[PDB]
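The block underneath contains the structure these notes are about, expressed in structure tokens.
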Amino acid sequence: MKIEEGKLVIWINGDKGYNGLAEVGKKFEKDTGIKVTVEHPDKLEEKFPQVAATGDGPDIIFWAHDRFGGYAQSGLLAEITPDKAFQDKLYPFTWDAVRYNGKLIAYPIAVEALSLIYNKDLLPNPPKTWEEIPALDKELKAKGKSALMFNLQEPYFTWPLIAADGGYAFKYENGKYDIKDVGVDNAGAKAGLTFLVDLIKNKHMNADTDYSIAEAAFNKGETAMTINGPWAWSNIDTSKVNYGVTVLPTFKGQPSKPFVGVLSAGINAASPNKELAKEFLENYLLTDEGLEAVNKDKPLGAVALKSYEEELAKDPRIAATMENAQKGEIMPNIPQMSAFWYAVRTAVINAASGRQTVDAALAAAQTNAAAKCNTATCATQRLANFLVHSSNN
Ligand SMILES: OC[C@H]1O[C@H](O[C@H]2[C@H](O)[C@@H](O)[C@@H](O[C@H]3[C@H](O)[C@@H](O)[C@@H](O)O[C@@H]3CO)O[C@@H]2CO)[C@H](O)[C@@H](O)[C@@H]1O
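Counting from 1, position 106 in the sequence shown corresponds to residue 105 in the authors' numbering; the numbering is continuous, with no gaps.
Here's what the structure looks like:
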């Protein structure tokens with residue numbers, strides 16, 4: 000079905016405040032007569048380039064900024080040309096995240112970083128270092144609890160530890176990323192992943208732990224800490240756990256270095272509703288009332304809109320988000336990013352389960368993080384996984 004003129008269809012991930020975004024859509028329809036339909040399909044960031052290539056899909060797509068360079072390189076995004084006054088309503092660093100080859104390719108919404116979230120009743124003094132976590136888990140285990148649970152299935156969550164002692168994605172030099180210099184298999188990456196693998200070998204974490212499992216355990220008071228972003232705070236508030244949000248633990252004396260994402264809204268190049276989409280984003284969403292609706296549903300983090308960011312800034316959870324962001328690094332947005340993420344996901348999963356050694360896992364990741372994907376999902380490049388041998392212990 001080609002995109003319908005005279006309507007807006009919006010895709011946003013299921014962990015964000017889509018019901019709040021729908022309220023903004025209701026206001027848009029009231030004021031303009033144009034219906035807005037908000038959807039949260041699974042794997043939307045993989046599905047988008049497939050449907051958009053055929054002239055179909057949403058008018059507006061929301062994701063962290065890292066996926067957008069790939070979309071832009073494929074010609075799937077409309078150029079964004081806000082006037083300089085509008086640009087001035089948002090922090091200039093947020094616009095920098097949505098630039099690709101000299102053009103703006105999306106509207107920035109909010110800056111996201113992972114923090115350490117901890118249960119103040121179980122653990123009034125959170126650990127400053129990763130190194131002290133094994134001993135903390137041993138102590139808490141004897142008490143019927145555990146130290147730490149977080150999603151080990153998505154590399155976003157383990158990256159801060161991999162990067163802490165020197166892991167990196169692509170070297171940046173002279174204003175551009177060098178896709179022939181990948182840093183997932185240097186001494187620092189090896190050290191970080193080895194520490195994670197050892198936490199698992201020593202039974203302080205389980206390799207199968209995922210987002211739902213870690214969320215449930217924290218929100219039910221079973222584990223003292225988790226690692227998550229601002230979107231997760233809503234469900235924690237509902238649980239009534241007495242929690243803090245703080246700086247991530249250091250590793251080998253170095254700060255954990257999360258990859259920072261800017262939630263961004265791009266416009267489908269095939270949309271016959273480009274001007275309506277721009278009106279929705281500039282005049283309705285990127286306003287105090289618009290972001291309030293979304294943020295009240297699931298917190299956005301450090302919002303791009305200066306006026307609303309100022310209202311929220313006193314929140315120590317946002318302060319902690321910004322503290323972790325500044326110790327981290329903006330995600331590249333280059334087309335090669337998806338290949339990087341698939342490669343690192345497989346490395347962490349294989350190393351964590353004992354399917355491969357850390358050195359074997361990261362050696363493979365270095366090879367394939369660089370490899371060029373012709374598709375949004377890297378399906379053929381991921382066939383490399385047939386080479387991996389089961390442990391068979
Ligand atoms: O691991 C497989 C996965 O890799 C890529 O996903 C990455 C995202 O592109 C990246 O933005 C980040 O995603 C996190 C969001 O930024 C955050 O808002 C929240 O939604 O959590 C996400 C992590 O689950 O990190 C992931 C990598 O973990 C790739 O684009 C995906 O297609 C692929 O499934």
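Think of the CB as a built atom: it goes at the ideal place given N, C-alpha and C, for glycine as much as any other residue.
Tell me whether residue 399 sits in a helix, a strand or coil according to DSSP, three-state version. The displayed coordinates of the chain run from 0 to 392. Any statement about residue 399 would go beyond what the structure contains.
Outcome for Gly13 when other beta-carbon atoms lying within 10 angstroms are tallied against a minimum of 16: Here residue 13 corresponds to residue number 14 of the sequence shown, with the count starting at 1. Exposed: under 16 other Cβ atoms inside 10 Å.
Using beta-carbon positions only, say whether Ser114 and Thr249 come within less than 8 Å of one another. Residue mapping note: residue 114 aligns to position 115 of the sequence shown, counting from 1. Residue mapping note: residue 249 aligns to position 250 of the sequence shown, counting from 1. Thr249 sits away from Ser114, with the two beta carbons spaced by 8 Å or more.
Hey, how far is the Cα of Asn124 from the Cα of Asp358? Along the sequence shown, one-based indexing puts residue 124 at 125. Along the sequence shown, one-based indexing puts residue 358 at 359. Distance between the alpha carbons of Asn124 and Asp358: 34 Å.
Just to confirm, does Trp340 get its C-beta within under 7 Å of one of the non-hydrogen atoms of ligand 1? Taking the sequence shown and counting its residues from 1, one reaches residue 340 at position 341. Short note on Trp340: C-beta closer than 7 Å to some heavy atom of ligand 1.
Which residue wins for smallest C-alpha separation from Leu247, given the options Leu304, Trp129, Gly166? Along the sequence shown, read from residue 1 onward, the residue named residue 247 stands at position 248. For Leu247, the nearest C-alpha among the options comes from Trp129.
Just to confirm, does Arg316 get its C-beta within under 7 Å of one of the non-hydrogen atoms of ligand 1? Looking up residue 316 in the sequence shown gives position 317. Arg316: no, Cβ never under 7 Å from ligand 1.
As a quick exercise: from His64, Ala63, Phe47, pick the residue whose alpha carbon is nearest that of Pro57. For the purposes of this step, residue 57 is identified with residue 58 of the sequence shown, where counting begins at 1. Measuring from the Cα of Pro57, the nearest candidate turns out to be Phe47.
Check the C-beta distance from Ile178 over to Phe169 and give it rounded, since I have them as a contact under 8 Å. For this step, residue 178 is matched to residue 179 along the sequence shown. For this step, residue 169 is matched to residue 170 along the sequence shown. Yes, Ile178 and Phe169 are in contact; Cβ-Cβ is about 6 Å, under 8 Å.
With a CB to CB cut of under 7 Å and the five nearest residues on each side skipped, what residues in its chain are close to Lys127? Reading the sequence shown from its first residue, position 128 is the one you call residue 127. Excluding sequence neighbours, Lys127 sits near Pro248, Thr249.
Tell me which residues share the same chain as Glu308 and place their Cβ nearer than 8 Å to its Cβ, disregarding the 5 neighbours each side in the sequence. Taking the sequence shown and counting its residues from 1, one reaches residue 308 at position 309. So the list reads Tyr90, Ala301, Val302, once near-sequence residues are dropped.
Beta strand (DSSP E) runs wholly inside the stretch 74-118, at least 3 long, in chain order: Within the stretch 74-118, the complete beta strand (DSSP E) segments at least 3 residues long are 106-111, 114-118, listed from N- to C-terminus.
Going by DSSP in three states, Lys137 sits in which element: helix, strand or coil? If you number the sequence shown from 1, residue 137 lands on position 138. Helix.
Contact set for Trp340: own chain, Cβ-Cβ below 7 Å, skip 5 residues either direction: As a first step, residue 340 must be located in the sequence shown, where it is residue number 341. Answer for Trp340: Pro154, listed in chain order.
Less than 8 Å separating the beta-carbons of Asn227 and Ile317? To locate residue 227, count along the sequence shown from 1; it is residue 228. To locate residue 317, count along the sequence shown from 1; it is residue 318. In this structure, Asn227 lies away from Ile317, with their beta-carbon atoms at least 8 Å apart.
Would you check if the stretch 370-385 and the stretch 198-206 touch, i.e. whether three or more CB-CB distances between them fall below 8 Å? Not touching, per the Cβ criterion.
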